[PDB]
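**Student:** Provided hereafter are the protein sequence and its experimental coordinates.
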Amino acid sequence: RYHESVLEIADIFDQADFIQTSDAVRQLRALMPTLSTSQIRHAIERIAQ
Amino acid sequence: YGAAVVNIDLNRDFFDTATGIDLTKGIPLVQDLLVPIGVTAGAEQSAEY
Amino acid sequence: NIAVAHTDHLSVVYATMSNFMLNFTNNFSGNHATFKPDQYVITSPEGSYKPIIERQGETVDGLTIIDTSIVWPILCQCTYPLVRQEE
């Protein structure tokens, strides 16, 4: 009887100084399509460009 | 004395396309950013947003 | 940088492949200790004895020998299909 469910560190570390857990961003991430290092990184190139 | 509907956009004049934001449709919408990987021709919009 | 396409994309082609018509037999079971292949001997009362998986040095075909140096070009310099933002 296993529910192999991922635990959002955010949902086990309410220490605001270093883990934006703002309910508001609590959902922007849910909205996002599974990332990656390449994309997280690519946004940076683009957000910055 | 005619107006029909009065939405509350997001002041297009401030978020000029110098912020790469194509705001017409209703919502923001930058082009190349947190794009998903490995998907058909479209699919790059559920989150273009 | 690589697991993004590698675990997510190589993995599937692999699974689909685990089901190919011919790739029969068994290759593993995730356990390094214990798992030992199953042996098959074509035995015959008339004194025949030719096992299927016999060990006999490097053949001419060119498969027998495994070469681990292949890890680097795959790991360091080999572009991917879903890595740099192809379809």
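**Tutor:** Sure thing, it's come through. Numbers count the residues shown, from 1 in each chain, chains lettered A, B, ... in the order given.
**Student:** leaving out chain neighbours, which residue sits closest to the residue of chain C found nearest chain A?
**Tutor:** Distances between chain C and chain A by C-beta to the nearest C-beta are smallest at residue C:4, namely 3.9 Å. Every C-beta, even on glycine, is put in place using the N, C-alpha and C of the backbone. The shortest distance from residue C:4 to any non-neighbouring residue, by C-beta to C-beta, 6 or more residues apart in numbering or on different chains, is to residue A:36 (3.9 Å).
**Student:** surely that neighbour meets residue C:2?
**Tutor:** No: with contacts counted by C-beta atoms under 8 Å, residue A:36 stays clear of residue C:2, the gap being 10.1 Å.
**Student:** figure out the length between the terminal residues of stretch C:43-58.
**Tutor:** In stretch C:43-58, first residue to last residue: 25 Å (C-alpha to C-alpha, to the nearest Å).
**Student:** try stretch C:64-72
**Tutor:** 20 Å.
**Student:** what sits up against that stretch?
**Tutor:** Stretch C:64-72 has contacts (C-beta atoms under 8 Å, 6 or more residues apart in numbering or on different chains) with C:57-58.
**Student:** any idea how far that stretch is from the middle of the chain?
**Tutor:** Put simply, stretch C:64-72 sits 12 Å off its chain's centre (C-alpha atoms, centre = their mean, to the nearest Å).
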